[PDB]
Every structure is written in structure tokens, then in C-alpha cells.
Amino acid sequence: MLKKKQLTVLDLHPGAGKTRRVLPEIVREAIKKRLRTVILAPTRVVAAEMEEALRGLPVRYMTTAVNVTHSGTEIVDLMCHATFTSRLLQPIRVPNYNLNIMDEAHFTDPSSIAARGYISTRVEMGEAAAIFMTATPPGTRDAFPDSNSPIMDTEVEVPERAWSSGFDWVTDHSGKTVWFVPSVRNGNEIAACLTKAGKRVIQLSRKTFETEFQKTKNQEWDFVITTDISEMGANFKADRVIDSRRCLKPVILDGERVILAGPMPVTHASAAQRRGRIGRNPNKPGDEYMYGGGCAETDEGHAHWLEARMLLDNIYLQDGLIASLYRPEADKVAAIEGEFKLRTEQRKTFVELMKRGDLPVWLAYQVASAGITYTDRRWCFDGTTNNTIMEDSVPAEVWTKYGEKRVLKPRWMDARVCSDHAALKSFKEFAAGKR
């Protein structure tokens, strides 16, 4: 496994112990063999759980999710997927990792896809070894994999709106339920209905995940309402998953705008991970998985794979060579390797628009490749009339950095900057020059 030129997919079923049992064995072996190693966690929550599994072992934690005093002698680095790719985009000396370990390696956010592409390319070049840990590798077709204890699988109509009758089984349940919704806004409406019905609800999404996930440990709850972020190794003490089996898909239309298409079916991988939240306790058989639709391979044509190519085109590898996407996910996007390579100053703008600007990759690329500098926000206001962003059914307005009240009307429209109240608030702050 640890030998150079080898990429290993550790595809044990969900809950089989990849993170708590196998990972520490690999790390002890890597240290014995003096292999410089990186461990990539999908989330800060997983990074902290890895610290518990790896406690005692000399690991440098490159995350403020862990409070450790390092020795400076560690040859094993641990960071989130996004941090790895983020540092690769910056003028930062990159250690030669002989061994590259990615946990929850099914994660489809652009920076995770890019990290797999960089790593697998280095393995293909004979420069390194890699281990990708996931029950659901790219292209998996089995939504119902093995579990630690038997699961009751039931195809059932699942509400996606508030309801007054017809779904008694949802609220008649006395255990804890994890409910996967297609979007934050959808989750808000279901959560309000459950709260009105007397349930205690916690809501999880990408921007709130680390903070809100702690509440699943610190307080009593009946329902966790979550987007697909909880597919990435989030552990709950639950006995039921309700799965809409739906997600939103960012889709680039006519190379000029990004829409959030759907809700549409999840992939088999996603469905298996959603289901995989339960059936984890061999002493508690009969956890329930209620699913409200079929699976489809909706990662095909999904903007994240094009965005991953934008990131990798702007990461140095060797001379003019450019890292390929990991082979099993390399034909998901029509994309020409190298087509998004930016010159020095535009590439720095691109990085800053993602890092400080917090803009989606695709949108950051449009701005940077247009030769616009980071602090120049005129593009947020000079788009066509159908790019007007709406707030409470009237055009959203901000005061520009010049002190002028203007309608938010970006030259490039990416629906992710206004998909919920929090997103729009952050984009308004950006348009105003506030970061």
C-alpha cells in the first residue's frame, strides 16, 4: 500500500472503521518508514475526530480545529481538503509528500476534486503514493451498501414543503432523525413545520456546519435537517434517515452564467452516504432509511468538475505540465486541460477572489480573466437587466464604496451568491467593498 506509484482505494463500507481503525495503522506504518505524509480531512469536524484517533502519534495539525502544541519534528501533516488546494494555489513551499491520504475522498466540492487530481497525477508520475478512503468511490452504482447492523430500507413519499396531513410517520417517530434536504431554503421550511409540530430541530449547511454540528452533541434534538454536507463523515446518534434523494446542481449555461438546477436526483454515492449515517451500531439493528426518489448520475455536467479544472490549471506541477483530474471522474466535464491557465497577475486576483472574496470558483475566474483587479467592484453593478438580483421580490440594493445606492446587477450571474439569505448578505458586502 505505502509503496510509490501506487494509489489505493480503501472502500470499506460506511462505518467499517476506515477513520478510527485503519487510518492510525497507516500513519504508524508511514512514520516507521519515514514517509512524509499528508492527511486530508473533509471538514474541521473530521479533523478533530482524527486527532482523537491519532492521539499519541506525531502529527502536525494545520487547522485551528485542534489545540495542540507541536514539536516541529512531525513528518505527518493533517489539514482539510480545501486547505491543501488553497496552499497549492499560493506561493508557498510545497513539501514532497511521499504518501497522500484523503479521507472521505468522495467529496465533490471543487477543491476536493482538484486535490484528488493533483495527488493522483503525482502518483501516475511515479512521484508518490496515495490512499483514497471512501465507501463510495466515483461511479459507484450501489446505493444500499453493507452496514454494521441491518437497515430497514423503505421507498416512501417524503415531504419537501410544510404539510398538514398525509405524513404521520414523520412525526409519530420517537427516535432521532437525520433528514437530507436539497437546499438551505427547503430545509428552513421543513424545519419550521417540525418546530411548529413540537420537534427540536438543528439545521446544518456548509457555512454553519462546524458551529451547528456541536449542538448535536451539546443539546437534545429530534431532527437534524441537513444539506449534502453531512455526507462527509458527519456522525450522529440517530436511528432514522429521511432522504429526499434530491440535490441542487450548479450548471454553467452557455459559458456565461451559473444556475442552480433542480432539485434533481442525487448520485448513488450520495444516497449511500446519506443512508450510511445510520446502521452504524451493531447492537442497534433496525435503523430506518426512508427515501423519496431514485438516484441518477447528476454529477455529469455539474459545474464543480469544471471549477476543479480551473483550480488545477492554476497550480504549478512541473514546467508547463498540468495535473489531470483523477481518472474515474475525468470525463464528467467537457474541459480542455490548460484552458483556464491565467497569467501571473490575473492568477493572483483569481486566488484572492476565492480566498478573501469568498466567491465561487467559476465567478472568481470570470472576474480575474476579464483583467479586473480584486478591489474593483464596478462589475457588480453593470450587468444586463436580467442579472438583477432580487431581495423580497424587489431588486437588491447596496451602497457602493463610493457612497452611491445601486441595484445589485452583476456582469456575471452565479446563482450561488444569492441562493439563500446568508449568501446574498455576503455578496452585498462584497459588492459594497467591505472585504
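Numbers follow the displayed sequence, beginning with 1. Definition used throughout: the rigid core is the maximal C-alpha set that superposes within 1.5 Å between two forms.
Asks: Taking C-alpha RMS after core alignment, which stretch differs more from the shown form in 8 other deposited structures of this protein: 158 to 166, or 92 to 100?
Replies: The answer is 92 to 100, which departs more from the shown form in 8 other deposited structures of this protein.
Asks: Return whichever of 249 to 257 and 352 to 360 has the greater mean Cα B factor according to the PDB record.
Replies: Taking the mean B-factor of the alpha carbons in each, 249 to 257 is higher.
Asks: Read off the CA B-factors in the entry, average them over 325 to 333 and over 272 to 280, and name the higher stretch.
Replies: In the deposited entry, the stretch with the higher C-alpha B-factor mean is 325 to 333.
Asks: Using the entry's values, work out which of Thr226, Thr121, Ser165, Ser86 has the largest Cα B factor.
Replies: The record points to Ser165.
Asks: Check the PDB entry and point out which of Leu57, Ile39, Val367, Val398 has the largest C-alpha temperature factor.
Replies: Most elevated C-alpha B-factor of the set, per the entry: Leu57.
Asks: Rank-wise, by C-alpha B-factor, drop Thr43 into the lowest, middle or highest third of its chain.
Replies: CA B-factor rank for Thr43: middle third.
Asks: When the modelled residues of the chain are sorted by Cα temperature factor, does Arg411 land in the lowest, middle or highest third?
Replies: For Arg411, whose C-alpha B-factor we compare with every modelled residue in the chain, the answer is the middle third.
Asks: Lowest, middle or highest third of the chain for the C-alpha temperature factor of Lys425?
Replies: Lowest third, going by the recorded CA B-factors of the chain.
Asks: Sorting by Cα B-factor within the chain, modelled residues only, which third would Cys418 end up in: lowest, middle or highest?
Replies: CA B-factor rank for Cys418: middle third.
Asks: Is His70 in the lowest, middle or highest third of its chain when residues are ranked by C-alpha B-factor?
Replies: Within its chain, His70 is a highest-third residue by C-alpha B-factor, going by the deposited values.
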